[PDB]
A.B. asks: 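I have a structure I would like to understand better, so I am pasting it below and will then ask my questions one at a time.
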Amino acid sequence: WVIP
Amino acid sequence: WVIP
Amino acid sequence: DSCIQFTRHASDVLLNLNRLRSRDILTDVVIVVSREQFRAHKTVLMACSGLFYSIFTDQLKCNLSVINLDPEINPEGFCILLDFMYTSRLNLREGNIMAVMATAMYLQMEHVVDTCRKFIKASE
Amino acid sequence: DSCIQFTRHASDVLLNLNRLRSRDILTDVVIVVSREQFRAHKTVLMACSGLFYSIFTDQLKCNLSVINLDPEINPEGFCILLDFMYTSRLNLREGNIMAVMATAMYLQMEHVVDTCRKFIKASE
Ligand SMILES: O=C1Cc2cc(Nc3ncnc(Cl)c3Cl)ccc2N1
Ligand SMILES: O=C1Cc2cc(Nc3ncnc(Cl)c3Cl)ccc2N1
Ligand SMILES: [Cl-]
Ligand SMILES: [Cl-]
């Protein structure tokens, strides 16, 4: 999971 | 395009 | 093999599937969550959820145009997860995390269940 | 927004759509290319091809279970492009590049047309  |  | 790979292809396909969903094109099922109705593509739901994969591979349920979810399922939690299926983006907030995690457990979306567990653990 | 994004989601969705295609699950169209037949999902074809997008948004053609392509289309070229639609991997070879490029032009798959043009230019 990432900060887009 | 890339070499996978 | 000696194939070449187009890096952005999967993302471009998912973007177009979401555009078809927004315009209600070739949607073949309505998911009923209490008073709320959500139109979708059976193939995308199966590709994202262990529960929908089991439902639409069933010889009788594969032909249904309406699927009713368990009454304990929260419509907002479902909406957030449906948006995630079609975009890869999850709108996870303090106010919705419990409903999102419970809906993801029911839908069998293990990566969503995992991030919800980690976000909850950090707040404890 | 304040969404989080699952990096591998689009790729995982495409992998599962290809698994459904391999097992012939919820495929709703057969593409006829001369003597050869190819089963697929209309939504995936539309998401990958300008030609299929135009065909399946047409109020009469959207309901057809069989689509016949132009007789000049090569079945192998089509097969290679169908595999690309479902995997992001293109089996481009000296022996098939002319058929692949002609099929990609017909199907309106601009990124494939682009790499074929570049690969041909380098060999000149
Ligand atoms: O957490 C998850 C996400 C998910 C998706 C699916 N889907 C598929 N799996 C295998 N082959 C096929 Cl053909 C599909 Cl469609 C099944 C289980 C789970 N669990
Ligand atoms: O080279 C290409 C690949 C491609 C795909 C599509 N598909 C869609 N485009 C916009 N909205 C929607 Cl809803 C879809 Cl399905 C249309 C044109 C082209 N051209
Ligand atoms: Cl997931
Ligand atoms: Cl393309």
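Each chain gets a letter, A, B and so on, in the order the sequences are listed, and its residues count up from 1.
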A.B. asks: Indicate if D:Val44 and D:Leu15 have the same hydrophobic cluster label, given that clusters are the connected sets of ILVMFWY residues with side-chain heavy-atom separations under 4.5 angstrom.
C.D. replies: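 They do not share one cluster, since no chain of ILVMFWY contacts under 4.5 Å joins D:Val44 to D:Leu15.
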
A.B. asks: Would you mind reporting whether C:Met98 and C:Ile120 have side-chain heavy atoms less than 4.5 Å apart?
C.D. replies: yes

A.B. asks: Using atom types as modelled, flag every donor-acceptor pair under 3.5 Å from a side chain in residues 23-32 of chain C to any protein atom, sequence neighbours excluded.
C.D. replies:
from	atom 1	to	atom 2	distance (Å)
C:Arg23	NH1	D:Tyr53	OH	2.7
C:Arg23	NH2	D:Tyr53	OH	2.9
C:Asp24	OD1	C:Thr27	OG1	2.7
C:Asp24	OD1	C:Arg39	NE	3.0
C:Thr27	OG1	C:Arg39	NE	3.1
C:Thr27	OG1	C:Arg39	NH2	3.2
C:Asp28	OD1	C:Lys42	N	2.9

A.B. asks: Check whether any side-chain N or O of C:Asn96 sits under 3.5 Å from a backbone N or O of C:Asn91 as a donor-acceptor pair, and report yes or no.
C.D. replies: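 Flag set: sc C:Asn96 to bb C:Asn91 pair under 3.5 Å.
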
A.B. asks: Is any side-chain heavy atom of C:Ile80 closer than 4.5 Å to one of C:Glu76?
C.D. replies: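 In contact.
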
A.B. asks: Show the nearest heavy-atom pair for residues C:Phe52 and C:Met46, with the distance to one decimal.
C.D. replies: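 Scanning both residues completely, I find the closest heavy atoms to be O-CG, 3.6 Å.
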
A.B. asks: If every non-hydrogen atom of C:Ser88 is compared with every non-hydrogen atom of D:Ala10, which pair is closest and at what distance?
C.D. replies: OG-N, 3.7 Å

A.B. asks: Taking it one step at a time, do C:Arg117 and C:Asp114 satisfy side-chain contact (heavy atoms from CB on, under 4.5 Å)?
C.D. replies: CA-CA 5 Å; C:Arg117 284 219 247 266; C:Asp114 186 54; 5.5 Å; no

A.B. asks: Do C:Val33 and C:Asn74 make a side-chain contact, defined as non-hydrogen atoms from C-beta onward lying under 4.5 Å apart?
C.D. replies: no

A.B. asks: Can you measure from SG (C:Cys48) to CG (D:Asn16) and round to the nearest 0.5 angstrom?
C.D. replies: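 Between C:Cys48 SG and D:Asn16 CG, I get 8.0 Å after rounding to 0.5 Å.
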
A.B. asks: So, for C:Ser34 and C:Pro71, which heavy atoms are closest and what is the spacing to 0.1 Å?
C.D. replies: OG-O, 3.8 Å

A.B. asks: Can you say whether the rings of B:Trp1 and C:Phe6 are parallel (under 30°), tilted (30 to 60°) or perpendicular (over 60°)?
C.D. replies: tilted

A.B. asks: Taking the side chain as every heavy atom from C-beta outward, state whether C:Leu92 and C:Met101 have any pair of such atoms under 4.5 Å apart.
C.D. replies: no

A.B. asks: What is the minimum heavy-atom distance between C:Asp58 and C:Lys61, and which atoms define it?
C.D. replies: OD2-N, 2.9 Å

A.B. asks: Before you tell me yes or no, could you show the steps for C:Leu90 and C:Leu81 under side-chain contact (heavy atoms from CB on, under 4.5 Å), namely the whole-Å CA-CA distance, both residues' side-chain angles and the distance that decides it to 0.1 Å?
C.D. replies: CA-CA 7 Å; C:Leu90 186 71; C:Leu81 289 172; 3.9 Å; yes

A.B. asks: Less than 4.5 Å apart, any side-chain heavy atom of C:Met85 and any of C:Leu45?
C.D. replies: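 A side-chain contact under 4.5 Å exists here.
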
A.B. asks: Side chains of D:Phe84 and D:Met109: does their closest heavy-atom pair fall under 4.5 Å?
C.D. replies: yes

A.B. asks: After noting the C-alpha distance and the side-chain angles of D:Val113 and D:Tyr106, does the key distance pass the side-chain contact (heavy atoms from CB on, under 4.5 Å) rule?
C.D. replies: CA-CA 10 Å; D:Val113 176; D:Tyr106 171 78; over 6 Å; no

A.B. asks: Any side-chain to backbone donor/acceptor pair from C:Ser49 onto C:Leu107? Under 3.5 Å, distance only.
C.D. replies: yes

A.B. asks: Rounded to the nearest 0.5 Å, how far does CD of D:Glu94 lie from OG of D:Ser123?
C.D. replies: 6.5 Å

A.B. asks: Does the side chain of D:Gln108 come within less than 4.5 Å of D:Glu110's, by heavy atoms?
C.D. replies: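 Sidechains of D:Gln108 and D:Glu110: in contact.
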
A.B. asks: Mind telling me whether C:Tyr86 and C:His41 have parallel, tilted or perpendicular rings, with 30° and 60° as the class edges?
C.D. replies: tilted

A.B. asks: Which heavy atom in D:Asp83 sits nearest to a heavy atom in D:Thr87, and how many Å separate them?
C.D. replies: O-OG1, 2.7 Å

A.B. asks: Quick one: closest heavy-atom pair of C:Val13 and D:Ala47, and the distance?
C.D. replies: O-CB, 3.9 Å

A.B. asks: How long is the straight-line distance from CG of C:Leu69 back to CZ of C:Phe38, given to the nearest 0.5 Å?
C.D. replies: 9.0 Å

A.B. asks: After noting the C-alpha distance and the side-chain angles of C:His9 and D:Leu14, does the key distance pass the side-chain contact (heavy atoms from CB on, under 4.5 Å) rule?
C.D. replies: CA-CA 9 Å; C:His9 184 71; D:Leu14 195 67; 3.8 Å; yes

